[PDB]
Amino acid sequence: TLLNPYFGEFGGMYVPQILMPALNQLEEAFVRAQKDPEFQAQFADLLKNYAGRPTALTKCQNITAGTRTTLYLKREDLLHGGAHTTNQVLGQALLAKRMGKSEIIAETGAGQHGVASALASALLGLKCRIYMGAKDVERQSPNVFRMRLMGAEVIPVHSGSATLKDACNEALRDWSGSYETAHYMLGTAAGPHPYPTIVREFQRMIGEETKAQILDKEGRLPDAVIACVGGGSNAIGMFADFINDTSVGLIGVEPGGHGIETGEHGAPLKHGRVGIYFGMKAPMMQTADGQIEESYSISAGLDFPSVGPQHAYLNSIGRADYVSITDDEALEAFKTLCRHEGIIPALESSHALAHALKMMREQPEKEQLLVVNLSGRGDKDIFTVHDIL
């Protein structure tokens, strides 16, 4: 390989031998794209004229009142498609074309990535098939329809748990036999090398923009940048540019679900064991005898039962800290943002918001400049929060 597949001891290429040629081809294309100014130029055009970049950096007005905390929200909820997922899906669809592929395979859990794959495909003219656990399809109707309207073929997975886990397996099986014509548009900064590297590099404008934006508005870097962690791409797009700014804290928030103690959560990075699955070596949700398990969370999109290897790595060296937020705490951060700032956040992003609220409420007299990555909008969640309320 041209690049290193490992982050410390996490990462690798744990796939059947038949898929190695596809991974090598993808890595080469990526390195070449990355050096191509004509590629850079086309990616940027789409991000700006189509998706809506740069996204705003909103200073909160009312939520930090009575506190010495200043909170800024990076508004990825204002991105075309309604979430950060759109950034990377565009660079991947362009890379697919550069390799002469004409088909796209994507896996989706909550449906956000699915939707983003469909829109990118519709626009750049690729045929798109989406695997979605049949359980997910079943209660993700709104996003399903949205996918079909854009002309994508949705394939429900009935095998295993009929959940995201099962959708990612089906997508790998498929790519096995069709990788000469199809490109696998994986959804997060996980799976086999070079995906953790590609998804991060196509998600790094988040953090690059946040940095420039905050220096302009506060004349200084933030004390901490916080982001939810399902598989890790919004978190790594936000953190990337700050990694060398050692004064800046990096906090990732995993779903605590009903509470760690209950066993019903989705926080493998901090509460699971390293294993090998989905083509990588990283922390995951598994039984004592090594069977992979599902991640539980009120938020549909923090369902990946493992996490990206660069995250498992940033934790190990102490560069970034990972915390968990429970269902109840995310629901409360959802309601507070709505009523005080007039922004409906995605329940996923509510986990990161719940954590910044905890930082300011516990130490109200501590002066701190925080930035929360608002990964998506919460329109898709009003029914849930509704039926919770």
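Position 1 is the first residue in the sequence shown; the rest follow in order.
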{"property": "Selected stretch [higher average CA B-factor]: 52 to 60 or 27 to 35", "result": "27 to 35"}
{"property": "Stretch exceeding the other in mean C-alpha B-factor - 232 to 240, 140 to 148", "result": "140 to 148"}
{"property": "Candidate set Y296, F304, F278, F202 [ranked by C-alpha B-factor, highest]", "result": "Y296"}
{"property": "Selection by C-alpha B-factor (highest) of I105, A122, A167, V253", "result": "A167"}
{"property": "Position of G66 among the chain's modelled residues by C-alpha B-factor, lowest, middle or highest third", "result": "highest"}
{"property": "Among modelled residues of the same chain, the CA temperature factor third for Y72", "result": "middle"}
{"property": "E209 CA temperature factor, ranked by third within the chain", "result": "middle"}
{"property": "Third assignment of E9 from its chain's C-alpha B-factors", "result": "middle"}
{"property": "Chain thirds of CA B-factor: placement of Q42", "result": "middle"}
